[PDB]
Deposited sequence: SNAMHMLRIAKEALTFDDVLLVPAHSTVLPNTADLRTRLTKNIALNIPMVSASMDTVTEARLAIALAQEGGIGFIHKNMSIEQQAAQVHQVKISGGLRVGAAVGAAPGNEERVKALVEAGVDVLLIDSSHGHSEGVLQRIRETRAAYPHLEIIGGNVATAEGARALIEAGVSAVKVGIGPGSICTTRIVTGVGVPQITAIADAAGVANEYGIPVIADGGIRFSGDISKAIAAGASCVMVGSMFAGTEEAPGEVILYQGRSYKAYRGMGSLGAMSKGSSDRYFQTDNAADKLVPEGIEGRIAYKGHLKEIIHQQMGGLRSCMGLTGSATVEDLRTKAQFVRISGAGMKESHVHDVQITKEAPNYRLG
């Protein structure tokens, strides 16, 4: 019978914790280096979302200087987007990426971006397993046989495989886990992100193709978990939004400091439309460099606790335990009133 076609149970970040192990690794000796694509290395496993409230040249420069790579968003003219890529390239040999989406008629944007020296092109869609997206990847790969191309987003083994066979240099994973996302609520479609990363990685591992975990990262411990689940690096929006280097001005509202943060599927980013994201504000965070130091500090401390000398060790060898709701509540601060916010644990 099995009238209800339930393929399996799926987990996200708050369903699991990493198990501590024998370790000779110290936090400050952990090696954070990793891969974005088969041919592009990173010194830290962080990439910035291709969103108009997160990544232009300014943030892409600060991030590349810390060892990551920024993806310049496409909500600007072809000329401005190429100028922004070029600005990153002439700021000290830094690497940069750029998003172009998946619609037809992006050829001229793609050509401008390759000419401006873009290191990696992101063909990104809310549905990477769409035949349109797969065909744009094939055409771009035939047109530019040596361009590094990231394609996404998928949330399944099958999708990771279709992207790899279409020619991607990395698979980006995540359908609906984003802070600003309403896709799962408005469509009913999604896969909890830890299960999505692991399913994608089980395929991509076979071809040596890295998986980028995109969306849903809120605390530095979610980075650790995303990597242990199979990701080679993570993509973040909300963790970098609100930084000084992110686009837009600081807004003061009811004693607090904010920057705008919105989904690229929100009515405002898209300009009757049916949106799959919201328009919001995110607490001002100060300089990207300090945020990065705190988040990588957490990852470093995990690598010490797990005995993971390198990111590959965390990604292929660390183990999880599955926890309940009570388990998650124990993991947070509890039964004490906080008198000073820690820089790596800001709730409100």
Check: Tell me, which runs of residues in the deposited sequence have no coordinates at all?
Finding: 1 to 3, 275 to 289
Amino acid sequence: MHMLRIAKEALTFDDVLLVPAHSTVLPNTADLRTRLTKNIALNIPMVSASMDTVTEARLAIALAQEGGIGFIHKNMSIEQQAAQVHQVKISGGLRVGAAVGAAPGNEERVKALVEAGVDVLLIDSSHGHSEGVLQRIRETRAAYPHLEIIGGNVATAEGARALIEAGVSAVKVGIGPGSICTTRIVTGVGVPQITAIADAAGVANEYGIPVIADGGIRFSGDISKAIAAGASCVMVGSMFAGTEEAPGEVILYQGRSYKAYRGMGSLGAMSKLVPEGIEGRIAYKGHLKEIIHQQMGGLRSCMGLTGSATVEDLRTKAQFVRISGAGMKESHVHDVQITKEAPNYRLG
From here on, numbers count along this sequence of modelled residues.
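We call the rigid core the largest set of C-alpha positions that still match within 1.5 Å between the two forms.
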Next item on the list: Could you tell me which of the two stretches, 281 to 289 or 30 to 38, has its Cα atoms lying farther from the shown structure in 4 other deposited structures of this protein after fitting on the rigid core?
Entry: 281 to 289
Next item on the list: Once the rigid core is lined up, would you tell me whether 133 to 141 or 176 to 184 has the higher RMS CA deviation in 4 other deposited structures of this protein?
Entry: 176 to 184
Next item on the list: Could you tell me whether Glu158 lacks coordinates in at least a third of the other compared entries whose models cover its neighbours on both sides?
Entry: no
Next item on the list: Tell whether, across the other compared PDB entries, at least a third have no coordinates for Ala269.
Entry: yes
Check: Which has higher Cα B-factors on average according to the PDB entry: 279 to 287 or 317 to 325?
Finding: 279 to 287
Margin query: Per the record, averaged over C-alpha atoms, which has the higher B-factor: 107 to 115 or 147 to 155?
Written below: 107 to 115
Margin query: Highest Cα temperature factor in the entry, among the options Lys259, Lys172, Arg256, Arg184: which one is it?
Written below: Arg256
Notebook entry, point to check: Looking at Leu273, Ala241, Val96, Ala198, which has the biggest Cα B factor in the entry?
Noted result: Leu273
Note to self: Using only modelled residues of the chain, where does the Cα B factor of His129 rank: lowest third, middle third or highest third?
What the structure shows: lowest
Checklist line | Position of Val88 among the chain's modelled residues by C-alpha B-factor, lowest, middle or highest third | finding: middle
Check: Where does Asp222 sit by CA temperature factor within its chain: lowest, middle or highest third?
Finding: lowest
Checklist line | Chain-wide C-alpha B factor ranking for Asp214, given as lowest, middle or highest third | finding: lowest
Margin query: Sorting by Cα B-factor within the chain, modelled residues only, which third would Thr12 end up in: lowest, middle or highest?
Written below: lowest
